[PDB]
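Worksheet: one structure, shown below.
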Amino acid sequence: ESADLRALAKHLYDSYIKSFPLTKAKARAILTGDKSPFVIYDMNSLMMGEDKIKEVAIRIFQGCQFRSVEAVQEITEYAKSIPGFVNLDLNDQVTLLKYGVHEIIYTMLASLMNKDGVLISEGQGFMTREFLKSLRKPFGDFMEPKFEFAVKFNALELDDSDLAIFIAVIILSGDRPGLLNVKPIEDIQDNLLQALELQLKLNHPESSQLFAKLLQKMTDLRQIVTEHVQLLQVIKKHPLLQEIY
Amino acid sequence: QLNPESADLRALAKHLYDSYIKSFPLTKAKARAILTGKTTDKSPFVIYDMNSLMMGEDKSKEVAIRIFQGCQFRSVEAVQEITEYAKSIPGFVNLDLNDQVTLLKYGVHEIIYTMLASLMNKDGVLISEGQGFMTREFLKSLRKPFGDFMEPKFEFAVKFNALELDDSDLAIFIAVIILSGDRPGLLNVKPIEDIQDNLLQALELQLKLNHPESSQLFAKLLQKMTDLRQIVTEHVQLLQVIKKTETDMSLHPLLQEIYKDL
Ligand SMILES: CCCCOc1ccc(C[C@H](CC)C(=O)O)cc1CNC(=O)c1ccc([C@]23C[C@H]4C[C@H](C[C@H](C4)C2)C3)cc1
C-alpha cells in the first residue's frame with residue numbers, strides 16, 4: 001500500500017522537473033542569494049527591461065498572457081503523466097484542464113513571489129509589488145490578491161516534491177462542471193490525496209496537520225480565480241493574435 | 001492502541017458534541033428522523049404551492065418577501081446559537097476580543113449553510129423547527145430575484161449530504177470553520193492556528209473511528225470548504241440586488257454588520 005504511494009510521489013516529482021523549467025528550489029535561490037535578476041521598480045526601470053529581457057500597463061498584462069499560454073502547455077504535459085489521467089474520457093481530460101489551469105498558475109506563481117515582488121522570464125527579472133500596485137486602475141489591483149495569497153501560501157514552506165502532488169490533486173477535481181464520468185476522477189484523487197498526506201508526513205514531520213492547512217488554501221485559490229475572471233471580462237475596455245490569446 | 005494524546009482528542013470530540021447538542025435545537029438526527037418517515041408523530045406539513053402555503057400558516061405583505069423575512073429572523077437566531085457554541089470552544093473566549101468578532105463575522109454563514117444541509121434533501125428543506133417542509137420547485141418558482149437564492153444551497157446539500165456525516169462529525173467541523181486563521185483583519189493569528197491545529201486533529205480522528213471504511217473523508221470534507229465559501233460569496237451578491245430592487249425590504253442590523261465589507 002505505502003510503497004505504491006512513494007512511487008506515485010517520486011513519479012510525479014520527476015515529471016514535475018521534466019515539465020516545469022523554473023522550480024521552487026531555483027526560484028527561492030534567486031530571491032535570496034551571484035547572478036541577480038534585473039529589478040523593475042518604476043516606470044523608467046521597466047523601459048530598460050525590454051532592452052535587457054500601446055502603453056506600459058497594457059504591455060505588462062499581455063506579457064502575462066504570453067506567459068500564461070506557455071504555462072498551460074507545461075501543465076498539460078504534466079497532467080498526462082499523472083497515472084490514469086490519459087485513460088479518462090477525453091471530454092473530461094479537457095474539462096479537467098479547462099477548469100484547473102488558473103488554479104495551477106497562481107499556485108506555482110507563489111513559488112516566484114515574496115511579499116515584495118515576483119520573478120519574471122525564467123528568473124531573469126523581478127517586478128516589485130508596489131510598482132504593480134501603482135499601475136493605473138484597473139491594473140493596479142490585478143496582482144495584489146495574488147500577492148496576498150502567495151504570502152499566506154508560502155508560509156507553509158512547501159517544496160517541489162510537495163507541490164508536484166498538490167498540483168495533480170487540483171487537476172483531478174471531480175466537481176468541475178460538465179464532467180461525464182466522475183467515478184475514476186475521484187478514484188485517482190483519493191490515491192493522490194493518500195500520496196500527499198504521506199509525503200507531507202515524511203517530508204515535514206514537525207508541521208502538524210500540514211495536509212489540512214494545505215487543502216484549506218484551496219478555498220482562497222478559488223476565490224482568487226473567480227475574482228480574476230471577473231476582472232478579465234471587465235477589462236474588455238491583432239486578429240490572428242487575439243485568437244491565440 | 002489509542003494513546004494519551006489521542007485520548008485528549010477524543011475528549012475534545014465529546015465536549016464539542018455535547019455543546020453542539022445544547023446550543024442547537026434541531027440536530028441532523030432529528031432532521032433525518034423527520035425526513036425519512038421514522039414517524040407517525042414527526043411528519044411535516046408539506047408546502048409546494050400557493051394554497052398549501054396558505055394552509056401551512058396555522059402551524060403579512062406578499063409571498064417571496066414574507067418567506068425571505070422568515071429566513072432573516074431564523075438566521076438571526078442561528079447566529080445566536082452559533083455564538084453560543086463558539087464560546088464553548090476551548091480557547092475561543094480567551095482570544096483578543098476583536099478576533100472573536102472577526103471569526104464569527106466570517107464563520108457564521110459558512111456554518112449556517114453547513115447545517116441547512118442536514119435539513120435538506122434533493123426535494124426540499126425542513127422549516128419552522130421541522131414542522132413544515134418547503135419544496136425545492138416551489139422555491140424555484142418564486143419571482144426573480146428570489147427563485148435563485150436557494151438552488152445553489154440545494155446543489156451543495158446533495159453533494160455534502162453524500163459524505164453521510166453525523167452530528168458528532170459536524171460538531172468538530174463547524175469548530176474548524178470558526179477557528180480559521182486566514183480570515184481578513186485578525187490581529188493575532190498564531191493562537192487561532194494552534195486551536196485549529198487541535199480541532200483538525202480531533203476531526204481527523206473522529207472521522208477515522210466513526211467512518212473507518214471511507215477513504216479520505218477528512219480531505220473530502222475539507223475540500224467542501226471551497227463550496228461553502230462560494231455559496232457565501234454568491235449569497236452576498238444576491239443580497240445586494242434585493243436591496244436595490246426592493247427599497248422597502250428591511251434587513252436585520254446584526255446580519256448587516258456581518259455582510260459589511262466581507
Ligand atoms: C439550523 C439553522 C436553520 C437556518 O435557516 C435558514 C437560515 C438562513 C436562510 C437565508 C438567510 C436570508 C436572509 C441568510 O442566509 O441570511 C434561510 C434559512 C431557511 N429558512 C427557514 O428555516 C424558514 C423558512 C420559512 C419560514 C416561514 C414560516 C411561516 C411564516 C413565514 C412564511 C412561511 C410560513 C415560511 C416564514 C420560516 C423559516
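Ordering of the C-alpha cells sets the chain letters (A, B, ...), residue numbers begin anew at 1 in every chain, and ligands are numbered from 1 in the order given.
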
Problem set entry | Surrounding residues as a PyMOL selection string, ligand 1, max 7 Å, only C-alpha atoms and all ligand atoms | chain B and resi 26+53+56-57+66-72+74-75+78+109+112+115-116+126-128+235+255

For this session: Output as a ChimeraX atom specification the set of chain B residues within 12 Å of chain A, with distances taken over only C-alpha atoms.
Result: /B:110,155-156,159-160,173,176-177,180-184,189,193-205,214-234

Emit the selected residues as a PDB file, in the first residue's frame, including C-alpha atoms.
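What follows is the written file result_17.pdb:
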ATOM      1  CA  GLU B 110     -20.484  29.048   6.291  1.00  0.00           C
ATOM      2  CA  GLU B 155     -26.685  21.669  -5.093  1.00  0.00           C
ATOM      3  CA  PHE B 156     -24.254  21.776  -2.195  1.00  0.00           C
ATOM      4  CA  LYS B 159     -23.025  16.858  -2.612  1.00  0.00           C
ATOM      5  CA  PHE B 160     -22.392  17.423   1.093  1.00  0.00           C
ATOM      6  CA  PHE B 173     -16.064  20.501  11.610  1.00  0.00           C
ATOM      7  CA  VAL B 176     -12.775  24.128  12.464  1.00  0.00           C
ATOM      8  CA  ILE B 177     -14.832  26.537  10.345  1.00  0.00           C
ATOM      9  CA  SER B 180      -9.756  29.581  10.648  1.00  0.00           C
ATOM     10  CA  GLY B 181      -6.560  31.622  10.522  1.00  0.00           C
ATOM     11  CA  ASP B 182      -6.845  33.128   7.041  1.00  0.00           C
ATOM     12  CA  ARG B 183      -9.873  35.340   7.895  1.00  0.00           C
ATOM     13  CA  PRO B 184      -9.291  39.017   6.934  1.00  0.00           C
ATOM     14  CA  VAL B 189      -3.139  34.579  14.073  1.00  0.00           C
ATOM     15  CA  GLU B 193      -3.945  28.415  14.402  1.00  0.00           C
ATOM     16  CA  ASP B 194      -2.876  26.417  17.452  1.00  0.00           C
ATOM     17  CA  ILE B 195      -6.526  25.920  18.398  1.00  0.00           C
ATOM     18  CA  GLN B 196      -7.415  24.907  14.844  1.00  0.00           C
ATOM     19  CA  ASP B 197      -4.471  22.542  14.841  1.00  0.00           C
ATOM     20  CA  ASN B 198      -6.142  20.745  17.722  1.00  0.00           C
ATOM     21  CA  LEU B 199      -9.598  20.866  16.216  1.00  0.00           C
ATOM     22  CA  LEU B 200      -8.239  19.441  12.932  1.00  0.00           C
ATOM     23  CA  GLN B 201      -6.558  16.577  14.780  1.00  0.00           C
ATOM     24  CA  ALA B 202      -9.783  15.709  16.609  1.00  0.00           C
ATOM     25  CA  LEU B 203     -11.772  15.772  13.380  1.00  0.00           C
ATOM     26  CA  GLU B 204      -9.179  13.638  11.618  1.00  0.00           C
ATOM     27  CA  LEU B 205      -9.584  11.086  14.368  1.00  0.00           C
ATOM     28  CA  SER B 214     -14.403   5.534   3.958  1.00  0.00           C
ATOM     29  CA  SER B 215     -11.121   6.525   2.338  1.00  0.00           C
ATOM     30  CA  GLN B 216     -10.009  10.128   2.940  1.00  0.00           C
ATOM     31  CA  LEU B 217     -13.289  11.534   4.401  1.00  0.00           C
ATOM     32  CA  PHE B 218     -11.121  14.055   6.227  1.00  0.00           C
ATOM     33  CA  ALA B 219      -9.812  15.532   2.916  1.00  0.00           C
ATOM     34  CA  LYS B 220     -13.061  15.251   1.028  1.00  0.00           C
ATOM     35  CA  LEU B 221     -14.726  17.164   3.852  1.00  0.00           C
ATOM     36  CA  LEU B 222     -12.054  19.901   3.935  1.00  0.00           C
ATOM     37  CA  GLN B 223     -12.492  20.349   0.151  1.00  0.00           C
ATOM     38  CA  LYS B 224     -16.175  21.174   0.735  1.00  0.00           C
ATOM     39  CA  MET B 225     -14.973  24.373   2.383  1.00  0.00           C
ATOM     40  CA  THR B 226     -14.385  25.825  -1.064  1.00  0.00           C
ATOM     41  CA  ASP B 227     -18.014  25.086  -1.924  1.00  0.00           C
ATOM     42  CA  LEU B 228     -19.261  26.818   1.253  1.00  0.00           C
ATOM     43  CA  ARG B 229     -17.162  29.874   0.526  1.00  0.00           C
ATOM     44  CA  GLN B 230     -18.529  30.165  -2.986  1.00  0.00           C
ATOM     45  CA  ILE B 231     -22.099  29.755  -1.640  1.00  0.00           C
ATOM     46  CA  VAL B 232     -21.456  32.630   0.802  1.00  0.00           C
ATOM     47  CA  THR B 233     -19.877  34.865  -1.883  1.00  0.00           C
ATOM     48  CA  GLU B 234     -22.783  34.277  -4.224  1.00  0.00           C
TER      49      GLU B 234
END

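Picture a line from CA of residue 14 (chain B) to CA of residue 169 (chain B); it runs 10.5 Å.
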
Exercise. Which residues come within 12 Å of residue 145 (chain A), counting only C-alpha atoms, excluding same-chain residues fewer than 2 positions away, as number ranges by chain?
Worked result: A: 106, 110, 115, 129, 132-133, 139-143, 147-153, 220-228, 231

So which residues touch region 84-96 of chain A within 7 Å, counting only C-alpha atoms, skipping near sequence neighbours fewer than 3 positions away, as a compact mmCIF listing (two decimals) with C-alpha atoms, in the first residue's frame?
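Full text of part.txt as output:
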# COMPACT_ATOMS: atom_id res chain seq x y z
CA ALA A 79 -1.21 16.10 -16.31
CA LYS A 80 -0.74 13.46 -18.96
CA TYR A 99 -11.10 24.45 -15.21
CA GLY A 100 -7.83 23.53 -13.48
CA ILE A 171 -6.17 18.67 -11.71
CA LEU A 172 -8.22 15.71 -10.59
CA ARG A 176 -15.78 20.56 -12.36
CA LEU A 179 -17.93 16.10 -16.38
CA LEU A 180 -19.29 12.90 -17.95

For this session: From a DSSP pass on the backbone, collect the residues of region 23-57 of chain A flagged as helix (DSSP H, G or I) and hand them back as a PyMOL selection string.
Result: chain A and resi 24-32+43-52+56-57

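Reported to one decimal place, the separation of CA of residue 114 (chain B) from CA of residue 93 (chain B) is 22.8 Å.
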
Problem set entry | Nearby residues (only C-alpha atoms) at most 10 Å from residue 130 (chain B), same-chain spacing under 2 positions excluded, as a list in words |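 The residues satisfying every condition are residues 26, 30, 31, 34, 35, 42, 43, 44, 45, 119, 125, 126, 127, 128, 132 and 133 of chain B.
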
Prev. selection, N, CA, C and O atoms, output as a PDB file, in the first residue's frame:
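out00.pdb, freshly written:
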ATOM      1  N   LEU B  26     -32.561  21.609  16.525  1.00  0.00           N
ATOM      2  CA  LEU B  26     -32.839  20.606  15.516  1.00  0.00           C
ATOM      3  C   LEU B  26     -31.532  20.000  15.009  1.00  0.00           C
ATOM      4  O   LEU B  26     -30.881  20.532  14.124  1.00  0.00           O
ATOM      5  N   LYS B  30     -32.532  14.415  14.408  1.00  0.00           N
ATOM      6  CA  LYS B  30     -33.966  14.781  14.379  1.00  0.00           C
ATOM      7  C   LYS B  30     -34.418  15.078  12.952  1.00  0.00           C
ATOM      8  O   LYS B  30     -35.433  14.562  12.477  1.00  0.00           O
ATOM      9  N   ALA B  31     -33.650  15.890  12.251  1.00  0.00           N
ATOM     10  CA  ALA B  31     -33.949  16.143  10.848  1.00  0.00           C
ATOM     11  C   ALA B  31     -34.163  14.842  10.045  1.00  0.00           C
ATOM     12  O   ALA B  31     -35.214  14.671   9.390  1.00  0.00           O
ATOM     13  N   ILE B  34     -37.203  12.971  10.883  1.00  0.00           N
ATOM     14  CA  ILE B  34     -38.419  13.563  10.310  1.00  0.00           C
ATOM     15  C   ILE B  34     -38.541  13.280   8.809  1.00  0.00           C
ATOM     16  O   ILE B  34     -39.638  13.020   8.313  1.00  0.00           O
ATOM     17  N   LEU B  35     -37.425  13.363   8.087  1.00  0.00           N
ATOM     18  CA  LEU B  35     -37.479  13.331   6.618  1.00  0.00           C
ATOM     19  C   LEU B  35     -37.661  11.904   6.089  1.00  0.00           C
ATOM     20  O   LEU B  35     -38.067  11.712   4.937  1.00  0.00           O
ATOM     21  N   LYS B  42     -43.974  12.777  13.852  1.00  0.00           N
ATOM     22  CA  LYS B  42     -42.905  13.682  13.490  1.00  0.00           C
ATOM     23  C   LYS B  42     -43.002  14.129  12.019  1.00  0.00           C
ATOM     24  O   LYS B  42     -42.105  14.795  11.497  1.00  0.00           O
ATOM     25  N   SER B  43     -44.100  13.792  11.360  1.00  0.00           N
ATOM     26  CA  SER B  43     -44.281  14.107   9.948  1.00  0.00           C
ATOM     27  C   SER B  43     -44.647  15.558   9.780  1.00  0.00           C
ATOM     28  O   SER B  43     -45.434  16.090  10.584  1.00  0.00           O
ATOM     29  N   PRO B  44     -44.099  16.198   8.725  1.00  0.00           N
ATOM     30  CA  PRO B  44     -44.276  17.637   8.495  1.00  0.00           C
ATOM     31  C   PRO B  44     -45.345  17.982   7.462  1.00  0.00           C
ATOM     32  O   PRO B  44     -45.594  17.199   6.539  1.00  0.00           O
ATOM     33  N   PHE B  45     -45.969  19.144   7.618  1.00  0.00           N
ATOM     34  CA  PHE B  45     -46.860  19.665   6.583  1.00  0.00           C
ATOM     35  C   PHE B  45     -46.032  20.133   5.388  1.00  0.00           C
ATOM     36  O   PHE B  45     -45.121  20.943   5.528  1.00  0.00           O
ATOM     37  N   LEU B 119     -30.998  19.693   6.957  1.00  0.00           N
ATOM     38  CA  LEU B 119     -32.446  19.847   6.906  1.00  0.00           C
ATOM     39  C   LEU B 119     -32.935  19.729   5.497  1.00  0.00           C
ATOM     40  O   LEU B 119     -34.131  19.960   5.248  1.00  0.00           O
ATOM     41  N   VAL B 125     -36.593  21.298   1.865  1.00  0.00           N
ATOM     42  CA  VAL B 125     -35.917  21.654   3.085  1.00  0.00           C
ATOM     43  C   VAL B 125     -36.911  21.789   4.206  1.00  0.00           C
ATOM     44  O   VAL B 125     -37.952  22.397   4.013  1.00  0.00           O
ATOM     45  N   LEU B 126     -36.590  21.248   5.382  1.00  0.00           N
ATOM     46  CA  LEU B 126     -37.452  21.405   6.563  1.00  0.00           C
ATOM     47  C   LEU B 126     -37.465  22.843   6.961  1.00  0.00           C
ATOM     48  O   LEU B 126     -36.465  23.523   6.755  1.00  0.00           O
ATOM     49  N   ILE B 127     -38.577  23.310   7.541  1.00  0.00           N
ATOM     50  CA  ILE B 127     -38.653  24.668   8.126  1.00  0.00           C
ATOM     51  C   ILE B 127     -39.420  24.693   9.453  1.00  0.00           C
ATOM     52  O   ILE B 127     -40.177  23.777   9.766  1.00  0.00           O
ATOM     53  N   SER B 128     -39.221  25.753  10.229  1.00  0.00           N
ATOM     54  CA  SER B 128     -40.032  26.001  11.426  1.00  0.00           C
ATOM     55  C   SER B 128     -39.889  24.843  12.425  1.00  0.00           C
ATOM     56  O   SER B 128     -40.873  24.188  12.817  1.00  0.00           O
ATOM     57  N   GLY B 132     -42.787  22.013   9.136  1.00  0.00           N
ATOM     58  CA  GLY B 132     -43.093  22.123   7.703  1.00  0.00           C
ATOM     59  C   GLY B 132     -41.922  21.704   6.821  1.00  0.00           C
ATOM     60  O   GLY B 132     -40.799  21.635   7.291  1.00  0.00           O
ATOM     61  N   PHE B 133     -42.197  21.421   5.547  1.00  0.00           N
ATOM     62  CA  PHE B 133     -41.173  21.049   4.573  1.00  0.00           C
ATOM     63  C   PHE B 133     -41.480  21.820   3.299  1.00  0.00           C
ATOM     64  O   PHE B 133     -42.534  21.609   2.683  1.00  0.00           O
TER      65      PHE B 133
END

Problem set entry | Atomic separation - CA of residue 9 (chain A) relative to CA of residue 123 (chain A), Å | 26.6 Å

Exercise. Which residues come within 8 Å of residue 121 (chain A), counting only C-alpha atoms, excluding same-chain residues fewer than 3 positions away, as a PyMOL selection string?
Worked result: chain A and resi 53+124-125

For this session: Within region 92-212 of chain A, find each residue whose DSSP state, derived from the backbone, is strand (DSSP E), and express the selection as an NGL selection string.
Result: :A and (113-114 or 117-120 or 125-128)

Seminar exercise, completed: Closest of A:12, A:112, A:22, A:202 to residue 167 (chain A), counting only C-alpha atoms, is A:12

Exercise. Which residue, B:185, B:152, B:4, B:90, has the smallest gap to residue 140 (chain B) when you use only C-alpha atoms?
Worked result: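 Counting only C-alpha atoms, the residue closest to residue 140 (chain B) is B:152.
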
For this session: Tell me which protein, DNA and RNA residues are within 9 Å of residue 259 (chain B), counting only C-alpha atoms, leaving out same-chain ones fewer than 4 positions away, and put them as an MDAnalysis selection string.
Result: chainID B and resid 105:106 236 254:255
